[PDB]
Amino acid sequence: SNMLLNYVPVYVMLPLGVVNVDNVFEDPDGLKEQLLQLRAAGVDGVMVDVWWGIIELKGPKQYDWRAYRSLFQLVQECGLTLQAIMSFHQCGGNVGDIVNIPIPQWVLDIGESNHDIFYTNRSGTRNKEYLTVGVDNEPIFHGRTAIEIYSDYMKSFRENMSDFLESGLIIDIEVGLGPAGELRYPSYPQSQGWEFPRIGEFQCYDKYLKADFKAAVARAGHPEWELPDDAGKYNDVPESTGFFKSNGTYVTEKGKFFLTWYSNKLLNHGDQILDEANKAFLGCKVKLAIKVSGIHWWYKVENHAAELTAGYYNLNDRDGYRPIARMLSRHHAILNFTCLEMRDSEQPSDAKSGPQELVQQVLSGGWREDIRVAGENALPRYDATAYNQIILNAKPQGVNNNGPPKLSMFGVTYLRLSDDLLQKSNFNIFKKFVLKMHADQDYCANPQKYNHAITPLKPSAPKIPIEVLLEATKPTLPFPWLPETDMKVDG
């Protein structure tokens, strides 16, 4: 017993591009001042993208870890821990983007002659942010499969960073699984014109995923079934489409077959690469983590359109998040849910948005499957009402004065370190959010004091067959949330 058993750690994402496209850590001195500000405020650690496109730029297995070694060196000197993201995706690239980091140019050159390695919508547009799950086991990248590329990157990371791993700097390894490092399809690409609150588009039209679907429907006894031709366009509203309207194609046997195939592609993608990540970090004192997106728009209508096009097959009578938490339990991994601050009342009504009940459904699913749940805010916020919503989600039933809370999140990573955060009046409110996350205790350098000790990563438990995974689609009632935190930052 102790209020310290109530402590939930706070981490801060580092600036995008802190080491740049040229693999140079540009300004150790500037980062250093900022990192020391963060250490004085009581922040437990930081999070950084380890961009595949910077490190394996020159060619297959041509890795240069030097600028990231210097960055981890400086973080360790500032007394902070680190969450490392194995970022196999593109950063930025659209209008007025601050940073643009693509994937390896050598992979991009293969895609010049085989455009089907990228995610593709019905119109034939290639999204180059991430390699389609269709080429995961295709040996077409100079003799390697895309999962062997990801596996090798993680093994080289473990060998060349083993002194930071052995010294306990790195708290967890987040492994990037899609666009923006999240396990999902690129269904809402800003770059292709999408604008909130639109339903997005299915991204299964590359030749590998289409050839896969057609063989599957032929085996289910319906060889004549096709991919959606009536789901509309990025910016539609669902009732405007044949697929998502009342009694439309999604409710059909053909539509339910497609939606089960499409969302299952992500579960097996997630499970095979995390199989690799557990081999690469076996024995290290690190926890594995993945990022799931919070797609709250259209959550309040029956068709949950934006979630379905993203690959999350979540309906009111079908839980599409607790199969992901179940799959994560054999790898002993954490579910990092990337949206934690929004309130429904902040949403335009015509978006039919349910941020607060999407969170209660995803975190209750994880704690029910007995995994650890972490999260991030989705958009930069500096105000107390955002911060008080993060703290309510961090500990849904308040502080337990008498022991550990029944329910608590494993960590929260705040989106971005910026000069704005550090502005004097903003930083004084961030300091109080850190205090309340810590349940009013000072920062605690030793995690074991607050029951966060990290053990050497055990080997993955056995494969869970997809029929036992999909049993977790049975809808359950969420655990109860307090209406408001008992540890307010105070407006």
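The first residue of the shown sequence is 1; numbering continues from there.
In this crystal structure, the stretch out of 301-309 and 93-101 whose C-alpha atoms carry the higher mean B factor is 93-101.
The question of which stretch, 157-165 or 343-351, has the higher mean Cα B factor is settled in favour of 343-351. Residue set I290, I273, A384, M86: peak C-alpha B-factor at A384 (per PDB entry). Within the selection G181, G365, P223, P139, the deposited Cα B-factor values reach their highest point at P223. Per-chain ranking of the deposited C-alpha B factor places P480 in the highest third. In the PDB entry, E195 places in the highest third of its chain by CA B-factor. Compared with the other modelled residues of the chain, the Cα B-factor recorded for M47 ranks in the lowest third.
In the PDB entry, a CA B factor belonging to the highest third of its chain's modelled residues is recorded for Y450. Looking at the C-alpha B-factors along this chain, the one for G283 belongs to the highest third.
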